[PDB]
Amino acid sequence: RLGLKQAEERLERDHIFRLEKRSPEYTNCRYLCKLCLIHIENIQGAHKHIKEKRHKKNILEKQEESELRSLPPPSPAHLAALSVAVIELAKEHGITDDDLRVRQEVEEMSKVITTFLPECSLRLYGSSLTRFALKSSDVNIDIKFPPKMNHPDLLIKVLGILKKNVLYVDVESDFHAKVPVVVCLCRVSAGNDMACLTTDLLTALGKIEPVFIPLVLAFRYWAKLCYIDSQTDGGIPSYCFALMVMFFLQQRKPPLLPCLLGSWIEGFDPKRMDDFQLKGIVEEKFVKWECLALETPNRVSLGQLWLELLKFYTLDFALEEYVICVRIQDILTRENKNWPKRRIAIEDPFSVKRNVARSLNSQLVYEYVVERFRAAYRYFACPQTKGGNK
Amino acid sequence: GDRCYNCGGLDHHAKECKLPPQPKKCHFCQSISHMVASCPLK
RNA sequence: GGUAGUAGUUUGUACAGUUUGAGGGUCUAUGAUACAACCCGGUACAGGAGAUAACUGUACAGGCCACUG
Ligand SMILES: [Zn+2]
Ligand SMILES: [Zn+2]
């Protein structure tokens, strides 16, 4: 009688717990696994489950997570060294205002095209506009055009010139992307309506929060190291990484970024915000709330922000459990929006119909991302020369 | 060669053992109140 | 444009159970004994459930080649 507990006591060391009451989905089964999420019916079955390769492969990961949680708190000197290291990393590889001015001086190419076509649709877009990367996401100029015209013929005629002049090198046109594009590295994709609406927000945040740019830049550099940034060949969309950072700052206990919607709203019904629609920024103010600066400035060492971000995305919460969104500070379940659970859920504020990040369906890539996150956390948190930074 | 883990019987090993888990027994004194390492009279 | 389904042939993971090759004692021992059976044993255990590869069908995530209500 009493000894029976000892028999399951061993099982208690592998995170195996007997069901308090019978579960309707598995009536026969009487056991559960915290890590594997599998039901069992007999103690012999539990012991067999202990021998499972995946059970131990997850037990080792749980032990590593526990070890990471137990790391000693960072010292002030280590924090300062890490902060200066992140500042150096951001400034060395960061698009500065001079580079953005050089890129703007797009105007010459617009002048060239205007001679051919009376109506020319050119607008700066991508990493240079946001200053959140160095030719990583939406490199150079990605254009947007109204839908009143016909995009295909426009694309053909505009690419005609870039192909005609022999001065340019390696000019092709690819239509395999979500929108037609021409490379000469120029990008011409007419019909965009929401991408500019998002880069407007990203540019607006550039100077409203000084620490926003360096943190997103460091995250982009780390993704480039890990190869997760590239949308093609799997991974996670390159630009949405910035949004990822925006989620951390927004979900941090002391927020560094105001909420896009919900900060000021009337008749707020959190059940569904699909009807609500946003618009372009208005003098760096809150996005259109008809149907982005904190009241008090926040300034903390960049190393502390980096450590908090790593803890948030590695040791704090389960990535699959909740979606990455910036519309509302409140956490939203994935099943509420009917989104898949295999792909990492990232939602840009201006479009909630589909997941922006759908290239992480492969579980191998997700496991690689998680293990790289853990490796980065242990590399940075543990004391090392120059604050344990690249 | 070794007693069954589940039942403490040399007849069958744990994998072959089919009976449900039952209180452990101290081999030295044949008492389930304590284990072999904690036997008082040993 | 949105939900769902669709013959094989393909995708990466995990997998009831079925079969090779590698596995763990070996030292703790007198003696037997045509191809006519059996073996003394000081120097052993702890609370501990014990292996890798080719088949066999399978819940998952999107497609090959695109289709249907
Ligand atoms: Zn037994
Ligand atoms: Zn005893």
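What counts and what doesn't
- Residues numbered from 1 in each chain as written, not as in the entry; some residues may be left out.
- Chains lettered and ligands numbered in written order.
- Heavy atoms only, no water.
- Residues with missing side-chain atoms left out of burial classes, pairs and counts.
- Near = heavy atom within 4 Å.
- Polar contact = N/O pair within 3.5 Å; in protein donor to acceptor, adjacent residues only side chain to side chain.
- Helix = DSSP H or I, 4+ residues; strand = E, 2+ residues; numbered from the N terminus.
- Nonpolar A, V, L, I, M, F, W, Y, C, P; charged D, E, K, R; others polar.
- Buried < 20%, exposed > 50% of the residue type's maximum accessible area, 1.4 Å probe, protein only.
- Arc of directions from axis to C-beta.
- Core = buried A, V, L, I, M, F, W, Y, C linked by side-chain atoms within 4.5 Å.
- Contact = heavy atoms within 4.5 Å.
- Axes fitted to C-alpha atoms, helices over the stretch in contact; angles between N-to-C directions.
- Parallel < 35°, antiparallel > 145°, perpendicular 65-115°, else oblique.
- Left-handed = near helix turned anticlockwise from the far one by under 90°.

Structure determination for this PDB entry was carried out by cryo-EM, with a resolution of 3.69 Å recorded in the header.

(A) How the structure looks around the protein's contact with RNA strand C. Of all residues adjacent to RNA strand C, which total 22 residues, the nearest are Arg 342 of chain A together with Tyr 5, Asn 6, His 27 and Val 36 of chain B. The share of sugar and phosphate among atoms of RNA strand C within 4 Å of the protein is 38%. Take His 27 of chain B: an N or O atom from its side chain is 3.0 Å from a base oxygen of RNA strand C. Residue assignment for the surface near RNA strand C shows that the elements contributing at least two residues are helix 2 (43-50) and helix 3 (53-69) of chain A. In terms of residue class, the surface near RNA strand C is made up of 6 nonpolar, 5 polar and 11 charged.

(B) Molecular detail of the environment of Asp 316 of chain A. Structurally, the position occupied by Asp 316 of chain A is in helix 12 (residues 302-316). Each C-alpha atom of the pair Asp 316 of chain A and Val 300 of chain A lies 20 Å from the other, and the pair is 16 residues apart in sequence.

(C) Inspection of helix 6 (residues 107-116) of chain A at higher detail. All names here are of chain A. Buried within helix 6 we find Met 109, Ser 110 and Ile 113. For helix 6, the arc enclosing every buried residue in end-on projection is 100 degrees, short of the 170-degree limit, so these residues lie on one face. Away from the buried face of helix 6 by more than 90 degrees, exposed residues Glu 107, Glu 108, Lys 111 and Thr 115 are located.

(D) Quick look at the nonpolar core. Residue and element names in this part refer to chain A. Among the nonpolar cores identified, the biggest contains 68 residues, and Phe 212, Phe 219, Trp 222, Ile 236, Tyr 313, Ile 344 and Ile 346 are the most heavily contacted of them. Those elements giving two or more residues to this core turn out to be helix 4 (76-92), helix 9 (195-208), helix 10 (212-226), helix 11 (240-251), helix 12, strand 6 (324-325) and helix 13 (363-381). Residue contributions to this core peak at 10 residues, all from helix 11. Among residues more than four places away in sequence, those in contact with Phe 212 are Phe 132, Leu 205, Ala 242, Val 245, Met 246, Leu 249 and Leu 257. Within the second largest apolar cluster, 18 residues are counted, among which are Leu 129, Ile 143, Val 158 and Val 188.

(E) Just the interface of chain A and chain B, in detail. Every contact between the two is made by 6 residues of chain A and, on the other side, 4 residues of chain B. Of the residues forming the side of chain A that touches chain B, the biggest block, 4 residues, is contributed by helix 1 (residues 3-12) of chain A. When the residues that make up the side of chain A that touches chain B are grouped by side-chain class, the tally is 3 nonpolar, 2 polar and 1 charged.

(F) Structural context of the packing of helix 3 of chain A against helix 13 of chain A. All names here are of chain A. Axis separation between helix 3 and helix 13 bottoms out at 11 Å; the angle between their running directions is 30 degrees. The orientation of helix 3 relative to helix 13 falls into the category roughly parallel. Two packed elements cross with a definite hand, and for helix 3 against helix 13 that hand is left-handed. Listed contacts from helix 13 to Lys 57, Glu 61, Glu 64, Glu 65 and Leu 68 of helix 3 are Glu 367, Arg 374, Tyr 377 and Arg 378. Residues of the contact of helix 3 with helix 13, tallied by class, amount to 2 nonpolar, no polar and 7 charged.

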